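This report refers to the structure that appears directly beneath it.
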Amino acid sequence: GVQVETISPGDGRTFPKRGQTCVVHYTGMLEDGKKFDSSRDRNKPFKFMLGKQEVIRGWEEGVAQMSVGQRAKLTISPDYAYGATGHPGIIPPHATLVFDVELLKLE
Amino acid sequence: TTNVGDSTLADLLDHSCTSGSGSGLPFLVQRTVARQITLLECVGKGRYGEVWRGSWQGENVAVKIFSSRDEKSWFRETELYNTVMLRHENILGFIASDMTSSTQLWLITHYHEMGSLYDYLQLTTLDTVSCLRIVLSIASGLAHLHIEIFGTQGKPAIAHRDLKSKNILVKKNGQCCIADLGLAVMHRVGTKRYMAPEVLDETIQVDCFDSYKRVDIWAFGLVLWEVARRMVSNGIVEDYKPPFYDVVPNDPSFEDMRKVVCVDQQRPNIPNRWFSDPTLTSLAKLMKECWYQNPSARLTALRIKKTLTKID
Ligand SMILES: c1cc(-c2cnn3cc(-c4ccc(OCCN5CCCCC5)cc4)cnc23)ccn1
């Protein structure tokens, strides 16, 4: 489904729950490392509310497994990402995705 | 509910140019915004599916929800806008694409409350200034589709292949924008009524990109004619009709069109009252140079834009 590789610790205590807005910085890449998107390239944190299905399933489980401050590398299989279809002209069919994600803050 | 840090769509669309980063919102943001939209009212419907007016955080959007018959249009339109930086004031502004979940495909764009040119022309007549403004802006949008621009900020040449008044929207400022790139090619088949002779008799040189540009030009000439009919001169104006209304039935067959355009060599008729107005005399001449059977002889989009800019 989704692998979580911790790159630097969070507080190891504050994990996001239903109805919290997660504020993150992310860099999304294909399996071979090709960057297709980063909120760091534009210096604007990305926000989403947990339990509303606003993001691909891998992101939702993966970030739920992170504590505030933590940076982690999410390897997300296509069933938990953009599936068979991909996202035309950006994510190919049947793509494994690696996202570098920092949980900045909850809201 | 609003928090410190939230952006409007204009802000989200603006911080979005690193080369390869697309015409719309950042790729990961598209889904989140897609799934935060409230659909409100159905404003169009056809063989392609339906367009809805929706809202996101207090702003109007258009959501096209594709019918299963026309999924390849969703894929191609989404691929074109995500792959290319296609931002121009006379090309419909793409925001996001998303598929939900047995499966809905959405393309979300700027919403134009005035609607399509097709409907616009039926509900109103035009004067010199508003007629020229309409056809110039279409020319400008189309010239921009057709032009290859290089560099990190650039785009390839694009032909539309289904230009028609139903796929042109009217902006509040009275200019238009071209929509529906579901059939576009970069360097389902066109609507039959607007097919160029070379498409109808299948002699189109299908591996010369310029062939597709010249198909756009034919269609553009038909749209000019539709629009020029509705400009008043000396109190006179023609009723809104589509091209070839008098010689083909509604929903014409590929064969009906081929007989009229190719076998009989027919072209839309130019009203004689136009020849007593200088702007319609000029538009008349423009039209005819879009309708040569020899596709090579037809005006380019950049030339029509240039010619229209001088009538003024
Ligand atoms: C193609 C077109 C569009 C699109 C964008 N804006 N937009 C606006 C319209 C539009 C079409 C018709 C409209 O008429 C408004 C009044 N009618 C009255 C009767 C039923 C409800 C609306 C208003 C808006 C249609 N399509 C689009 C989006 C994607 N692809």
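Labeling convention for the structure tokens: chains A, B, ... as they appear, residues from 1 per chain, ligands from 1 in order of appearance.
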
Item to check | Test item: chain A residues at most 10 Å from chain B, counting only C-alpha atoms, as a PyMOL selection string | outcome: chain A and resi 26-28+36-39+41-49+52-56+82+85-91+107

Quick one: write out the picked residues with C-alpha atoms as a compact mmCIF listing (two decimals), in the first residue's frame?
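Okay, result-v7.txt is ready:
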```txt
# COMPACT_ATOMS: atom_id res chain seq x y z
CA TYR A 26 5.75 17.99 -0.39
CA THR A 27 7.82 16.91 -3.34
CA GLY A 28 6.20 14.31 -5.53
CA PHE A 36 6.25 16.13 -11.21
CA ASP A 37 5.25 18.60 -8.45
CA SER A 38 6.59 20.34 -5.36
CA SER A 39 5.06 22.90 -2.96
CA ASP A 41 9.18 25.10 -5.75
CA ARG A 42 6.54 27.74 -5.03
CA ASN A 43 6.99 28.17 -1.27
CA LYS A 44 3.32 27.67 -0.53
CA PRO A 45 2.37 24.98 2.03
CA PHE A 46 -0.29 22.51 0.98
CA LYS A 47 -3.29 21.89 3.25
CA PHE A 48 -5.88 19.08 3.33
CA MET A 49 -8.41 17.82 5.89
CA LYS A 52 -12.64 13.93 3.58
CA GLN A 53 -10.87 11.98 0.79
CA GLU A 54 -9.25 15.11 -0.49
CA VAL A 55 -6.04 13.29 -1.34
CA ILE A 56 -4.96 9.96 -2.79
CA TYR A 82 -3.77 7.42 -9.44
CA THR A 85 -5.59 5.75 -15.39
CA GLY A 86 -2.88 7.90 -13.91
CA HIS A 87 -3.23 11.59 -14.44
CA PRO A 88 -3.00 12.23 -18.18
CA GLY A 89 0.16 13.98 -19.29
CA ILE A 90 1.64 13.88 -15.77
CA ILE A 91 1.24 10.57 -13.94
CA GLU A 107 -5.02 23.28 12.14
```

Next on the checklist: as a PyMOL selection string, please: every protein or nucleic acid residue near ligand 1 (cut-off 9 Å, counting only C-alpha atoms and all ligand atoms).
Outcome noted: chain B and resi 41-45+50-53+61-65+92-94+107-116+119+166-170+178-181

Checklist outcome for this item: A straight line from atom CA of residue B:145 to atom CA of residue B:286 spans 19.6 Å

Skip residue A:15 itself and residues of its chain fewer than 4 positions away, then list as a PDB file with N, CA and C atoms, in the first residue's frame all residues within 7 Å of it, counting only C-alpha atoms.
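The file below, selection.pdb, is the result:
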```
ATOM      1  N   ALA A  64      -1.209  10.288   8.142  1.00  0.00           N
ATOM      2  CA  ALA A  64      -1.850   9.875   9.410  1.00  0.00           C
ATOM      3  C   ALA A  64      -0.869   9.161  10.325  1.00  0.00           C
ATOM      4  N   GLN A  65       0.156   8.534   9.729  1.00  0.00           N
ATOM      5  CA  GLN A  65       1.219   7.826  10.458  1.00  0.00           C
ATOM      6  C   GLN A  65       2.405   8.709  10.838  1.00  0.00           C
ATOM      7  N   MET A  66       2.277  10.013  10.614  1.00  0.00           N
ATOM      8  CA  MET A  66       3.310  10.959  10.950  1.00  0.00           C
ATOM      9  C   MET A  66       2.879  11.907  12.068  1.00  0.00           C
ATOM     10  N   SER A  67       3.876  12.370  12.799  1.00  0.00           N
ATOM     11  CA  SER A  67       3.653  13.253  13.931  1.00  0.00           C
ATOM     12  C   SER A  67       4.246  14.599  13.568  1.00  0.00           C
ATOM     13  N   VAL A  68       3.718  15.651  14.176  1.00  0.00           N
ATOM     14  CA  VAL A  68       4.051  17.022  13.775  1.00  0.00           C
ATOM     15  C   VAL A  68       5.551  17.312  13.799  1.00  0.00           C
TER      16      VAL A  68
END
```

Item to check | Residue set, stretch 42-98 of chain A restricted to strand (DSSP E or B), as a list in words | outcome: residues 46, 47, 48, 49, 71, 72, 73, 74, 75, 76, 87, 91, 97 and 98 of chain A

Preceding selection exported with N, CA and C atoms as a PDB file, in the first residue's frame:
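Printed below is out_38.pdb as written:
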```pdb
ATOM      1  N   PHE A  46       0.909  23.162   1.458  1.00  0.00           N
ATOM      2  CA  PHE A  46      -0.287  22.508   0.984  1.00  0.00           C
ATOM      3  C   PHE A  46      -1.098  22.041   2.190  1.00  0.00           C
ATOM      4  N   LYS A  47      -2.410  22.226   2.140  1.00  0.00           N
ATOM      5  CA  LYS A  47      -3.295  21.890   3.254  1.00  0.00           C
ATOM      6  C   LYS A  47      -4.415  20.960   2.820  1.00  0.00           C
ATOM      7  N   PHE A  48      -4.761  19.983   3.643  1.00  0.00           N
ATOM      8  CA  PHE A  48      -5.878  19.083   3.335  1.00  0.00           C
ATOM      9  C   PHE A  48      -6.469  18.581   4.645  1.00  0.00           C
ATOM     10  N   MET A  49      -7.758  18.280   4.662  1.00  0.00           N
ATOM     11  CA  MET A  49      -8.407  17.825   5.890  1.00  0.00           C
ATOM     12  C   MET A  49      -8.536  16.313   5.846  1.00  0.00           C
ATOM     13  N   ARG A  71       9.602  14.634   8.920  1.00  0.00           N
ATOM     14  CA  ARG A  71       9.780  14.542   7.490  1.00  0.00           C
ATOM     15  C   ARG A  71       9.919  13.059   7.165  1.00  0.00           C
ATOM     16  N   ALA A  72       9.214  12.617   6.138  1.00  0.00           N
ATOM     17  CA  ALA A  72       9.168  11.213   5.777  1.00  0.00           C
ATOM     18  C   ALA A  72       8.961  11.029   4.274  1.00  0.00           C
ATOM     19  N   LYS A  73       9.386   9.873   3.780  1.00  0.00           N
ATOM     20  CA  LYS A  73       9.349   9.572   2.356  1.00  0.00           C
ATOM     21  C   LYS A  73       8.263   8.509   2.143  1.00  0.00           C
ATOM     22  N   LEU A  74       7.237   8.878   1.387  1.00  0.00           N
ATOM     23  CA  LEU A  74       6.095   8.019   1.172  1.00  0.00           C
ATOM     24  C   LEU A  74       6.271   7.331  -0.179  1.00  0.00           C
ATOM     25  N   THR A  75       6.432   6.002  -0.152  1.00  0.00           N
ATOM     26  CA  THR A  75       6.321   5.188  -1.375  1.00  0.00           C
ATOM     27  C   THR A  75       4.914   4.565  -1.497  1.00  0.00           C
ATOM     28  N   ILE A  76       4.176   5.015  -2.505  1.00  0.00           N
ATOM     29  CA  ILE A  76       2.743   4.757  -2.630  1.00  0.00           C
ATOM     30  C   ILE A  76       2.498   3.990  -3.920  1.00  0.00           C
ATOM     31  N   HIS A  87      -2.758  10.254 -14.215  1.00  0.00           N
ATOM     32  CA  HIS A  87      -3.230  11.590 -14.442  1.00  0.00           C
ATOM     33  C   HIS A  87      -2.628  12.079 -15.748  1.00  0.00           C
ATOM     34  N   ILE A  91       0.978  11.880 -14.549  1.00  0.00           N
ATOM     35  CA  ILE A  91       1.237  10.573 -13.935  1.00  0.00           C
ATOM     36  C   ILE A  91       0.822   9.468 -14.898  1.00  0.00           C
ATOM     37  N   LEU A  97       4.585   6.012  -6.828  1.00  0.00           N
ATOM     38  CA  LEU A  97       4.958   7.376  -6.538  1.00  0.00           C
ATOM     39  C   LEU A  97       5.724   7.469  -5.216  1.00  0.00           C
ATOM     40  N   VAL A  98       6.708   8.376  -5.174  1.00  0.00           N
ATOM     41  CA  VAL A  98       7.496   8.642  -3.977  1.00  0.00           C
ATOM     42  C   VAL A  98       7.269  10.106  -3.654  1.00  0.00           C
TER      43      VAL A  98
END
```

Item to check | Which residue of A:92, A:16, A:33, A:58 approaches residue A:77 most closely, using only C-alpha atoms | outcome: A:58

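Distance-wise, atom CA of residue B:265 and atom CA of residue B:224 end up 19.4 Å apart.
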
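One distance worth recording is that between atom CA of residue A:20 and atom CA of residue A:102, which is 15.8 Å.
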
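Considering only C-alpha atoms, the residue among A:103, A:31, A:4, A:23 positioned nearest to residue A:78 is A:31.
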